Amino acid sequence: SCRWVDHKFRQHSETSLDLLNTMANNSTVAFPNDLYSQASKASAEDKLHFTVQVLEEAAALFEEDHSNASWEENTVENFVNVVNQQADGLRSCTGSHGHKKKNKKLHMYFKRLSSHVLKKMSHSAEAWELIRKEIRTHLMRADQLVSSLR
C-alpha cells in the first residue's frame, strides 16, 4: 500500500485527462491489449512496473517535433509535467533498488507509434491528433490497472 496510489494518482489522472481534452478541442497501430492483459493478472509490483513504463513512454513521445500540433505549447508542458509526476509517484511505491526488465514489446509498440504514425505522416497536426487519442486510451487503461490496487 502506497501514499501515491491511495491519495494522489486519481487526481493526477483526472488532471492529465483534462489537459488532453483541452488539446482535443483544437481538432494507426493496434492498441497493445495483450500487454495490458498480461499486466492485469501480474503481481502488484509487476503491474506498477508496467504502468510506470506506459507513462514514461507516453511522455517520451513529446520529445518528437510537435511544432505542427494544433495545441498550445503551455498545454503540452503542463500535460507532460503531470504525466512525469504520475510516473515518479508510482515509482515511489517500490524500493529504489531492483533488477526488473523493461517491457521490450511495449517499447517496440511505442517506437512503432513514432515510426508508423508520426514519422510516416511528417509529424502533422493529424498525426499528433492520432497520438493524442492513443495516449488518452493508455492513460484510461493505466488508471484501470492502478485502481485494481486501491
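Residue positions are given as counts along the sequence shown, with the first one as 1.
Item to complete: Look at the stretch from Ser27 to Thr28 and count the residues of the deposited sequence that the entry does not model, then pick none, 1 to 3, 4 to 9, or 10 or more.
Response: A long stretch, 10 or more residues, is missing between them.
Item to complete: Taking the mean of the C-alpha B-factors per stretch from the entry, tell me the winner out of 138-146 and 5-13.
Response: 5-13 has the higher mean C-alpha B-factor.
Discussion item. Regarding 92-100 and 113-121, which shows the higher C-alpha temperature factor on average in the entry?
Written reply: The entry gives the higher C-alpha B-factor average to 92-100.
Fill in: Residue with maximal Cα B-factor (values as given in the PDB entry) among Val54, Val83, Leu61, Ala42
Of the options given, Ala42 has the highest CA B-factor in the PDB entry.
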